[PDB]
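A short write-up of the structure that comes next.
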Amino acid sequence: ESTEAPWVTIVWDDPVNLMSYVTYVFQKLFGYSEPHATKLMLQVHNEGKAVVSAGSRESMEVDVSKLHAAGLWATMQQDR
Ligand SMILES: [Mg+2]
Ligand code: NI
């Protein structure tokens, strides 16, 4: 198949960061509203991970880097 396909950024639950911090980071880095950021934070915390953004591989690479700088456990993968 082709490599021009969409990717996602995933945040993984970590035992150190405050829930309030994670909500704030999603608002700050992605411009998300409070209800949206809180829902994603709670999904990370209750499911162990959440897709937080989606787009091209190169765009997701930026989101991962931004999240790492904020101290969050982020990875990216191709979306199937
Ligand atoms: Mg994390
Ligand atoms: Ni998917």
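A quick note on method: Cβ atoms are made from the backbone with ideal geometry, for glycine too, and the neighbour counts reach across all protein chains shown. What follows is calculated from the coordinates using simple rules that are stated; it is not laboratory data.
A few points about this structure:
- Degrees separating the helix 19-30 axis from the principal Cα axis of the chain, which is the longest one: 40
- Here the Karplus curve 6.51 cos²θ - 1.76 cosθ + 1.60, taken at θ = phi - 60°, turns the phi angles of region 42-56 into couplings of 5, 5, 4, 6, 9, 10, x, 6, 7, 6, 10, 7, 8, x, 5 Hz, with x standing for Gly and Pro.
- Structure-based [θ]222 nm, the chain - -39500 (n - 2.57) summed over DSSP H runs of at least 4, per residue, nearest 500: -15500 deg cm²/dmol
- Extension reserve of the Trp73-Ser20 stretch, reckoned as 0.36 nm per residue once the Cα distance is removed: 17.5 nm
- Taking amide H as placed 1.01 Å from N in the peptide plane, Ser53 has its amide H under 5 Å from the amide H of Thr9, each at least 5 places away in sequence or on another chain.
- The chain: angle of helix 57-69 to the longest principal axis, Cα-based, in degrees nearest 10: 30
- The loop-placed GluC sites (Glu not before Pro) in the chain, going by DSSP, that have at most 10 neighbouring Cβ atoms within 10 Å of their Cβ come out as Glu1, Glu4.
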